[PDB]
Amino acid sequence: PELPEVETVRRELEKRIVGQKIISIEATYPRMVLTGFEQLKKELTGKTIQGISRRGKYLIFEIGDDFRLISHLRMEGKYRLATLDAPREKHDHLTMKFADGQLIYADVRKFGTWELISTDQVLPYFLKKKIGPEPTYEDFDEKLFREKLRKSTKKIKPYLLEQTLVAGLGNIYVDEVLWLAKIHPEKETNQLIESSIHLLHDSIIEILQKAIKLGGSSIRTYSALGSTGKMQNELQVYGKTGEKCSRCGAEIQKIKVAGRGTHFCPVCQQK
């Protein structure tokens, strides 16, 4: 998932599990708890969920007075809220059991991670990850964004994917944002003129906020949180190889950029 999908999961968890006492925690894949599963089980059993936050693509469970469980879903992580008798599924790894259901974390590729840290370690934790600003008008300052672009010879798509200019874009939304802003993904950022940077800045905010509003992009679903999204019906380029661009009618092309599949309109996004 990308930021909009994580925000959608965050919102459903906030509505459904805040106030719930963790009755027990179990793992079939304890090694994905980077701070130690047995330690986490000892610390969090019996505590109540107070809130769910997010920073970039990271989910943050606020548990008890002092605990923060930082969860990253990476490529394929999925949470679901299940009955206590729900059958095990093959790629389920962890579960937090409440009195009237359980929150199960599943992840085919096993990339996702859990880290238990304290409240006052959250801000230093994200500083150490070098996460950039949230993609909002209030936090995403165009002036710094522009100065960083002007200094760099990096290509715009890999630089945006670093999470350092702005947090939350992944392969789907960076391709959508670049199409919307009419920027070729291989453009060196120091070649972007001010008006292109302005359009890019606004487009990042607008695309991600639209995606949040539509509940993220779910291709297929299953019973998982976040699976009722509608943003996939709005994608203009991602996964549209060979289809016609909706602005100019040229076929969308797919290339590889810094090892990522990359979809763009060659007319609208001039090299």
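Under this definition, the rigid core comprises the largest set of C-alpha atoms superposing within 1.5 Å between the forms. Position 1 is the first residue in the sequence shown; the rest follow in order.
Undergrad: Report the stretch with the higher root mean square CA deviation, pooled over structures and residues in 5 other deposited structures of this protein, choosing between 239-247 and 224-232 after a rigid core fit.
TA: Clearly, after the core fit, the stretch farther away in 5 other deposited structures of this protein is 239-247.
Undergrad: Is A27 without coordinates in at least a third of the other compared PDB entries of this protein that model the residues flanking it?
TA: No, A27 is modelled in every one of the other compared entries that cover both of its flanks.
Undergrad: I want to check something about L59: across the other compared entries that model its neighbours, is it left unbuilt in at least a third?
TA: No, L59 has coordinates in all the other entries compared.
Undergrad: Do the C-alpha atoms of 164-172 or of 149-157 have the higher average B factor in the entry?
TA: Higher of the two, by average CA B-factor, is 149-157.
Undergrad: Should the higher mean CA B-factor in the entry be assigned to 224-232 or to 52-60?
TA: Taking the mean B-factor of the alpha carbons in each, 224-232 is higher.
Undergrad: Just to confirm, going by the entry's C-alpha B-factors, which of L214, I204, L69, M32 comes out highest?
TA: Reading the PDB entry, the winner on C-alpha B-factor is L214.
Undergrad: Taking the chain's C-alpha temperature factors as the reference, tell me which third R10 falls into: lowest, middle or highest.
TA: CA B-factor rank for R10: lowest third.
Undergrad: If you rank the chain by CA B-factor, which third does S118 end up in: lowest, middle or highest?
TA: Answer is highest: the recorded C-alpha B-factor places it there.
Undergrad: Please say which third, lowest, middle or highest, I131 falls into when its CA temperature factor is compared across its chain.
TA: Middle third.
Undergrad: Using the B-factor values recorded in the entry, state whether the Cα atom of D92 falls in the lowest, middle or highest third among the modelled residues of its chain.
TA: For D92, the deposited C-alpha B-factor lands in the lowest third.
Undergrad: Among the chain's modelled residues, which third holds the C-alpha B-factor of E142?
TA: Answer is lowest: the recorded C-alpha B-factor places it there.
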